[PDB]
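Before any comments, here is the structure.
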Amino acid sequence: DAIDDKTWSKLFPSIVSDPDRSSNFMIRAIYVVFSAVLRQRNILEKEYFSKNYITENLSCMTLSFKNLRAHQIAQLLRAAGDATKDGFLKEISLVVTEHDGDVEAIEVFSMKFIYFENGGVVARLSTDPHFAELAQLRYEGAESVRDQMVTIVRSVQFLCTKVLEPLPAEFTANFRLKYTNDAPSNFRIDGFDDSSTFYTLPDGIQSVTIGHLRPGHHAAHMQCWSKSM
Amino acid sequence: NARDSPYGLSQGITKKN
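Line order of the protein sequences matches chains A and B. Residue numbers for the first sequence follow my numbering, beginning at 472 and rising by one. Residue numbers for the second sequence follow my numbering, beginning at 21 and rising by one.
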């Protein structure tokens, strides 16, 4: 069931069936995907990133651990991704605003999660739109997972380089996340301060579905809201 | 300590021009 690829094993686990590696893949997914967005939308300079490959034919730019400021951001995502281990992370989103830091956003890259009770078949709750569809999505093996990753990244690159208009010369981008209902009230992610507001969207804004992720015991759905569309 | 909301915000990344 595992993946037969050395290039893939450089970034992601070859196995994604058991609960721990399913969570591990999501951790790496968050890191890889959101790194690509930060570069492709030019929110950080090229220096923060290092060149990596998902497959031999596909390259991506991942936050380099040798840059101290990029390493700090990489740990934001690592910490966020860790909340997927125990099913406490509902949504993590890259939120772009005019001023730091408004509730209403300009551009949002959202990754929403769904967890599974046992065996990776039944949705868990953990919650209370695409929730319905994403819950019905079934694990189809690691090869399906690799395709999902490749698809998402090709789509992010394409969306940012050939669909979206370049961001304004002045903005502020930060990561905003939402905890699940299962999460303890004492539960906070290191680097993410409390807040009474998440993010809001202007009524006329346009959304496009970037892709999905379905490992053994997790499910992710990634979208994009931007005036740049 | 109890948490008021299910939200968490990170440090921003700004650009001025």
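Here a beta-carbon is modelled for each residue, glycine too, at the ideal position from N, C-alpha and C.
- Here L548 of chain A is not near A541 of chain A, since their CB atoms are 8 Å or more apart.
- In terms of CA proximity to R499 of chain A, A:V616 leads the group A:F602, A:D475, A:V616, A:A603.
- Collapsing the DSSP output to three states places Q677 of chain A in a strand.
- Residues of the region 668–695 of chain A with a Cβ closer than 7 Å to any Cβ of chain B, in chain order: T668, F669.
- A576 of chain A is outside the set of residues whose beta carbon lies under 8 Å from a beta carbon in chain B.
- In the DSSP assignment, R540 of chain A falls within the alpha helix (DSSP H) that extends over 539–553.
- Taking all protein chains shown into account, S699 of chain A has 16 or more neighbouring C-beta atoms within 10 Å of its C-beta and is therefore buried.
- Between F505 of chain A and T651 of chain A, the C-beta spacing is not below 8 Å.
- One finds nothing in chain B with a Cβ atom closer than 8 Å to the Cβ of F496 of chain A; even the nearest lies about 22 Å away.
- By the 16-neighbour rule on beta-carbons within 10 angstroms, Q619 of chain A is buried.
- Contact check for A507 of chain A against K583 of chain A fails: the beta carbons are separated by 8 Å or more.
- In this structure, DSSP gives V566 of chain A an extended state, which the three-state scheme calls strand.
- Taking the C-beta atoms as reference points, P673 of chain A is found no nearer than 8 Å to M497 of chain A.
- Contact fails between the region 22–31 of chain B and the region 511–518 of chain A, because fewer than three Cβ pairs, one in each stretch, are under 8 Å apart.
- For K649 of chain A, the nearest beta carbon of chain B is closer than 8 Å to its own beta carbon.
- When DSSP states are grouped into helix, strand and coil, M620 of chain A belongs to the helix group.
- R510 of chain A: member of the alpha helix (DSSP H) spanning 490–511, first to last residue.
- Sixteen is the threshold: when 16 or more other Cβ atoms of the shown chains lie within 10 Å of the Cβ of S494 of chain A, as they do, the residue is buried.
- The CB of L515 of chain A comes closer than 8 Å to the CB of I33 in chain B, given here in chain order.
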